[PDB]
> 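Starting off with a structure, shown below.
Sequence lines set the chain letters: A, B, ... in the order given, protein chains first and strands last, and positions in each chain run from 1.
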Number of protein chains: 2
Amino acid sequence: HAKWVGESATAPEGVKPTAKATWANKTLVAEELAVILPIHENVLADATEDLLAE
Amino acid sequence: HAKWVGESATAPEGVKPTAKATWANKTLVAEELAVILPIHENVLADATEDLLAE
């Protein structure tokens, strides 16, 4: 931020102010979603629907 | 402002009243806004962004 300042050579308000800016960091971290669906091969052969597609 | 004057050559109410306008003054006065942004030369060189432009 700026400040209002005087034209003084000795008095404490002729001095212009110092200031700074700052940066920070945010992250993406990859994590895994998974499932395993086991089935017996005779059930695949006996069923009327395609259970591997289901 | 005007007034309701009368008509005599001798009575006080025959005289037309004298009156006055007036002006005043307003001023602009310039004053100073400022800031100083100090930064270290190595940080300026090692950063990926053009921090002097920022």
> Side-chain heavy atoms under 4.5 angstrom apart, residues restricted to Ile, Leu, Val, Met, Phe, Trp, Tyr: same cluster for B:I36 and A:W4?
no

> Give, for atom CG of B:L33 and atom NZ of A:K3, the distance between the pair rounded to the nearest 0.5 Å.
11.0 Å

> To check you understand the geometry: which heavy-atom pair defines the closest contact between A:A19 and B:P38, and what is its length?
O-CD, 3.6 Å

> Measuring heavy-atom distances to chain A, does B:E49 have an atom under 4.5 Å in its side chain, in its backbone, in both, or in neither?
neither

> Please say whether more than 12 non-hydrogen atoms of neighbouring residues, nucleotides or ligands are located less than 6.0 Å from CD in B:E13.
yes

> Could you look at B:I39 and say if it's the side chain, the backbone, both or neither that has a heavy atom under 4.5 Å from chain A?
neither

> In this structure, would A:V43 and A:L52 fall into the same cluster of hydrophobic residues linked by side-chain contacts under 4.5 Å?
yes

